[PDB]
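These notes are about the structure you will find just below.
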Amino acid sequence: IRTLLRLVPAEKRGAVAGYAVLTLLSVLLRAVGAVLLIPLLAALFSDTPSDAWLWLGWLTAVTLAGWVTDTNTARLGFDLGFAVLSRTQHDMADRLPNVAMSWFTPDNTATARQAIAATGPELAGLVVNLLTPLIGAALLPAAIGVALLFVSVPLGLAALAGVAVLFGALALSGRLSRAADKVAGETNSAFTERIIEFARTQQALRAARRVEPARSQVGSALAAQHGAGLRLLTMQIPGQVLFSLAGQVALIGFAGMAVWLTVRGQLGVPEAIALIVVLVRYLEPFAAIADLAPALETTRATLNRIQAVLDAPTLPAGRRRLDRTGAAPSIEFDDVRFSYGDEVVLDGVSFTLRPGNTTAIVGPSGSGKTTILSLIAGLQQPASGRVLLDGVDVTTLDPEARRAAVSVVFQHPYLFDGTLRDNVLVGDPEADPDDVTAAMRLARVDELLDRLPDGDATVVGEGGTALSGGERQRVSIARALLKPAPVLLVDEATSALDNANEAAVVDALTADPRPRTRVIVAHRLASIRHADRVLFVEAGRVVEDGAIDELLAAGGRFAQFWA
Amino acid sequence: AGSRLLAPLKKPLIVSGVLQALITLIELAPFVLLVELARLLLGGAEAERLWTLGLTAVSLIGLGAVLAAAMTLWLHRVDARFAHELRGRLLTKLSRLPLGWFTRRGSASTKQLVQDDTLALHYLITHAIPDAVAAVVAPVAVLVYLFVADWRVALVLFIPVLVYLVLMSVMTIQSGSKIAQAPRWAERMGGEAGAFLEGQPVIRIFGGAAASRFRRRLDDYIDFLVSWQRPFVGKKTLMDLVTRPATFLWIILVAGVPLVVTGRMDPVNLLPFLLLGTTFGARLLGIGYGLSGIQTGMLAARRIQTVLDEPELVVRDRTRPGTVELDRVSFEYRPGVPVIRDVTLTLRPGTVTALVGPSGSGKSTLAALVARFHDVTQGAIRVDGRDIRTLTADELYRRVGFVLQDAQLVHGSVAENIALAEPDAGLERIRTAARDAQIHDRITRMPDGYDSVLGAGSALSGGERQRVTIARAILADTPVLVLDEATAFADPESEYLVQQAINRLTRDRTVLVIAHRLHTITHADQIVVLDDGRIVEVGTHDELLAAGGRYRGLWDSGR
Ligand SMILES: [Mg+2]
Ligand SMILES: [Mg+2]
Ligand SMILES: [Zn+2]
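Order-wise, the sequence lines are chains B and A.
Using the authors' numbering, the final residue of the first sequence is 564, and nothing's skipped along the way.
Residues 318 to 636, 650 to 889, numbered by the authors' numbering, are exactly what the second sequence covers, in order.
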């Protein structure tokens, strides 16, 4: 319950206090309704049974008040559960794009997926499914025990003593089954990730024959998950036993005290028979809590994953804004240094890109030139040093102004599951259809429209897997060119393109009418014909720079690199 | 429909029905004993009879709880065992379906099928039948016994049962459609959630957090949950209050006290109602909550059995070494969308075959057909004479190795990624395979060495994960190799080295090379130009240029 209050918005704290007051009031009315039976039957069996009308009226009033309170508790619990759901899911959706790139480790990415995947109805009705009955069942025998004190002090003390073993059984059941449940949750998450990999990497797994359950990674994860699942069922046996023993101990304590008072004459026979029914009402929560306790640990793990994602380290950001009406800014690296963990990618790299010129970045593979584009676009940030757009440190820029300043063609072009037009329109959803068609024409997407059966309405798979490699690349290029960013970063836009489409797209990138600062990464000299300046990036540092013809005549690493 | 899936749980389910019928009768037995205890207690009976009934009642309360705990332990074991078996069957089926199944269905759907649907069968195959028999036998046995005692108060017990049944029926009807739509919505949100995490760089630069498709459909999904769960929970809690033991205990007394106060009833006959009349409410509430679970489970069975009934890449009965022979092959991903048109091509040992052409012309599809990821719609593909439809997966993939355009890497150690084709291969073989692909130099600089993990956020670069897949294919050492754009991202120096290593390995092997870098396939013994799904010219590099066909145009455009 403690972790839930952290996730509740500050807006809904007013409803939580009302929820808690009504939940306590509901438990009190249930206890008073159960204990009112004792005066009721005591008068009912007397020689003047008409006295029972007074107690029946109180029982009816407590019952109707029980209906109203528990209905309002359900309504408030429903609102609180969805209020927590909507706000925490929006916070995860709004925070994750700002989370640092290095945070998305395979374990953290699994955690993020599970947290978002918790949007289903199980998390939504949590306050009604779990907290409302858990709090009610836990406090009901205590409330009956407190209420019995008005009838007989030692009898109420006996009920409270029975409540002590209940919390004792609850604590021991939790502590015994925590380790097994934690391992069960870990293995279940592992199996989910391997299923996702199994469906995504299905081509490569089949070719490698690691696809049968006897051989595949998912098969091993299933074996571990089933083993952990059966162990969890084993370690819940002491929980079931301890709750049963707690119920029997409470029954023996309650019945023995009532019998002891009846023998001593401090308790009438009709009160004792009424107490049999109260004992049954007293022992029902001992069984309800047993059914609710296993779900409590699983919920705690779920909310822990949600809180972990909300606690992710957001990337630094400021509020500066470029003073350009979509005009070309200058770009510079000022002694930039960057590393992935202990691996240094860039150290001492420095360059300056003029606003209206097109610059090429080349060099061996694994040399850090995609890192340079990512730092320019703000996806990464330096460990030390600073990168400036138009003389403004991008780490101090508004995130809206940071992402409205750059449009990027990624090395591995990812497309979302949807129509081809929607992927193109992601660059600028409010685009004029004249502007969209111009973007499609420049990217040679018009070939796809005329050649594909469905045109721009062609459905793309998860990723760009329902299209060819060279076709998802052109759709991504159309997506980048549609956006009116003054900085255009091209990360191998012609890797998977034939020579004809490569030449057409390469001419289009330079022929893009609006002014921009263009940074192009290429492994093919035909794709950087128009670049005004070069940045040869080898071993993480810009070894040499100049024009293409200038470096070719120089006979440095450029000429050998293009031999 | 669904019963075909649950046939193996024939006898466990009937045994559960009978055992829970006996167990709940055992649970009702103490309250009958305690009623007899109460009647004797008013009668001033001998203490031995009071102790006997009292101690027997407490003993049977323990016995009922122990048997109930013992049953659900066994029945959850049976449910866990069946779910493990069913998940194994689903993985085995998915291991041999046509691979267009995965592409059109996605990965979120596969996660829902294997894991969530088998989990959705939980309440059906361990809680449905016990709750159903309990919710039938206990109200029937109680209400008959209390009808015999005094029908007058039994009728006011019928009232909340009728009210509860009306609430159960309208809730089931009202939420039936929404429950049917629920797995589709979870499927779609699973896809959006996966894309929101996988395509993060696209989400960041383009649109940002606010304009993303994920939040657009997240609002629709949560709105659907609110519209589904609000009236559903509303009926769900009215069922609690109607079937609440306090509600039964109140209405029992409302019809008892006026009869007791008047000369219409003796208060001794209220003892069965107060002791038994409140105990069947919680059992009726079982199926009241459980019909939604039974609906979800039955649909989940339908969604699972529909996949186990899916057509697969069956192995036929009909039943030069290293010769892959396409013959009149045609293929269409969708009906009426021919992507390959009457291709005839023979791949022979010792020859390097280059497959070039315009993008989107079906080259990778032809390579996939060689892998038998999809079966040819017409014609036949033969490996060493044997049609691939007569070859098992072991026999097929032991002959044809593949480097795929998408350099897919699996979560796990680098050695596990290179040693995917043969996980039992020694570490020396893995090192030599990596050195051939020119990735060993990068691997040694990783912090954990070959044991380093290649998950998301720790993966290699595009040009380096590609060399890992080339290292994977080199380690496989198949008599036939199919390079679907190797060195797509490799620089010209690394490209030359790895191609030199490939050209060293595959002299006695059959090579199919798909390449856009036409300068890398000038040495090929046979260049095949594929345009719009049909071959348009074949020959050597000099022959194609002299012919002046489409290859001449593409070669000129490359300059
Ligand atoms: Mg790159
Ligand atoms: Mg391809
Ligand atoms: Zn269960």
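By construction, the Cβ of each residue, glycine as well, lies at the ideal position given by its N, Cα and C atoms.
Considering only their Cβ atoms, is the gap separating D492 (chain B) from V460 (chain B) smaller than 8 Å?
It is not a contact, given that the beta carbons lie outside the stated cut-off.
Identify every residue that forms a DSSP beta bridge with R716 (chain A).
DSSP, once it has assigned bridges, lists A:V713 as partnering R716 (chain A).
Taking 7 Å as the cut-off, is the beta-carbon of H444 (chain A) closer than that to any non-hydrogen atom of ligand 3?
Correct: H444 (chain A) has its Cβ closer than 7 Å to ligand 3.
Just checking, does the region 286 to 304 of chain B make contact with the region 131 to 147 of chain B on the three C-beta pairs under 8 Å criterion?
Yes: at least three Cβ pairs fall under 8 Å.
Mind the definition here: the region 451 to 458 of chain A touches the region 664 to 674 of chain A only if three or more C-beta pairs lie below 8 Å; say whether that holds.
No, the region 451 to 458 of chain A is not in contact with the region 664 to 674 of chain A.
Residues of chain A with CB closer than 7 Å to the CB of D436 (chain B), please, in chain order.
Under the 7 Å cutoff, chain A gives no residues; its nearest Cβ is about 15 Å from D436 (chain B).
Going straight from the alpha carbon of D336 (chain B) to that of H439 (chain A), what length do you get?
Using only the alpha carbons, I get a separation of about 59 Å.
Would you tell me roughly how many angstroms separate the C-alpha atoms of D717 (chain A) and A701 (chain A), rounded to the nearest one?
C-alpha separation (whole angstroms): 12 Å.
Taking only beta-carbon positions, decide if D71 (chain B) is within less than 8 Å of chain A.
Answer yes: the Cβ-Cβ gap between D71 (chain B) and chain A drops below 8 Å somewhere.
So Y538 (chain A) contacts chain B; which residues on that side make the cut at Cβ distance below 8 Å?
Going along chain B in sequence order, the residues near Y538 (chain A) (Cβ under 8 Å) are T120.
For a contact meaning CB atoms closer than 8 Å, what does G879 (chain A) contact in chain B?
Those within 8 Å of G879 (chain A) in chain B number zero; the least Cβ separation is about 13 Å.
Chain B beta carbons: is any one of them nearer than 8 Å to that of residue 641 (chain A)?
There are no atomic positions for residue 641 (chain A) here, as chain A continues from 636 directly to 650.
Run down chain A in chain order and give the residues with a C-beta less than 7 Å from the C-beta of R211 (chain B).
Per Cβ cutoff of 7 Å: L750.
Can you grab the Cα-Cα spacing for the pair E344 (chain B) / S528 (chain B), in whole Å?
Cα to Cα, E344 (chain B) sits roughly 30 Å from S528 (chain B).
Are the Cβ atoms of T683 (chain A) and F661 (chain A) separated by less than 8 Å?
It is not a contact, given that the beta carbons lie outside the stated cut-off.
Does the beta-carbon distance from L161 (chain B) to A143 (chain B) come in below 8 Å?
In this structure, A143 (chain B) lies closer than 8 Å to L161 (chain B) by Cβ.
At what residues does the alpha helix (DSSP H) containing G137 (chain B) begin and finish?
Taken as a continuous stretch (DSSP letters only), the alpha helix (DSSP H) holding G137 (chain B) covers 133 to 152.
Please specify which runs of the beta strand (DSSP E), each continuous and at least 3 residues long, are wholly inside the region 834 to 877 of chain A, giving them in chain order.
The region 834 to 877 of chain A contains these whole beta strand (DSSP E) runs: 840 to 844, 856 to 861, 864 to 869.
Can you look up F819 (chain A) in the DSSP assignment and give me helix, strand or coil?
Here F819 (chain A) sits in coil by DSSP.
Nearer than 7 Å: is that true of the beta carbon of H393 (chain A) relative to any heavy atom of ligand 3?
Within the cutoff, so yes.
Among A:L790, A:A801, A:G792, which has the Cα closest to the Cα of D766 (chain A)?
Of the candidates A:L790, A:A801, A:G792, the one whose C-alpha sits nearest the C-alpha of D766 (chain A) is A:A801.
Measuring from the CB of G680 (chain A), is there a heavy atom of ligand 2 at a distance below 7 Å?
False, no ligand heavy atom lies under 7 Å from that Cβ.
Can you find the residues in the same chain that come closer than 7 Å, C-beta to C-beta, to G603 (chain A), ignoring five residues on each side of it along the sequence?
The residues are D448, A451, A452.
Just reading off the beta strand (DSSP E) that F334 (chain B) is part of, what are its end residues?
Segment 332 to 341, the beta strand (DSSP E) holding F334 (chain B).
Go ahead and pull the three-state DSSP assignment for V427 (chain B).
Coil, per DSSP.
Between A:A763, A:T762, A:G785, A:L790, which has its C-alpha nearest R775 (chain A)'s C-alpha?
Selected option, being the one with the closest Cα: A:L790.
Considering only residues of the same chain and omitting the five flanking positions on each side of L141 (chain B), which have a CB-CB separation below 7 Å?
Excluding residues within five positions, the ones whose Cβ falls inside 7 Å are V28, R31, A32, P286.
What number of angstroms, rounded off, separates the C-alpha of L389 (chain B) from the C-alpha of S788 (chain A)?
Roughly 27 Å separates the two Cα atoms.
Under the three-state reduction of DSSP, which class applies to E539 (chain B): helix, strand or coil?
In the structure shown, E539 (chain B) sits in a strand (DSSP, three-state: E or B).
Should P414 (chain B) go down as buried or exposed, given a rule of 16 or more other Cβ atoms within 10 Å for buried?
Its Cβ being crowded by 16 or more others within 10 Å, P414 (chain B) is buried.
Helix, strand or coil for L441 (chain A) per DSSP?
Helix, per DSSP.
Which ranges would you report for the alpha helix (DSSP H) in the region 268 to 310 of chain B if only whole runs of at least 4 residues count?
For the region 268 to 310 of chain B, not a single whole alpha helix (DSSP H) run of length 4 or above is found.
Per DSSP, which one or two residues make a beta bridge with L389 (chain B)?
BP columns for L389 (chain B) point to B:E333, B:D394.
Could you tell me whether the region 619 to 635 of chain A touches the region 418 to 436 of chain A, using the rule of 3 or more Cβ pairs below 8 Å?
Counting Cβ pairs under 8 Å, three or more are found: they touch.
In chain A, which residues lie with their C-beta within 8 Å of the C-beta of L60 (chain B)?
The answer, in chain order, is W567, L570.
For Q708 (chain A), name the three-state secondary structure that DSSP assigns.
Looking at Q708 (chain A) - three-state DSSP - the assignment turns out to be strand.
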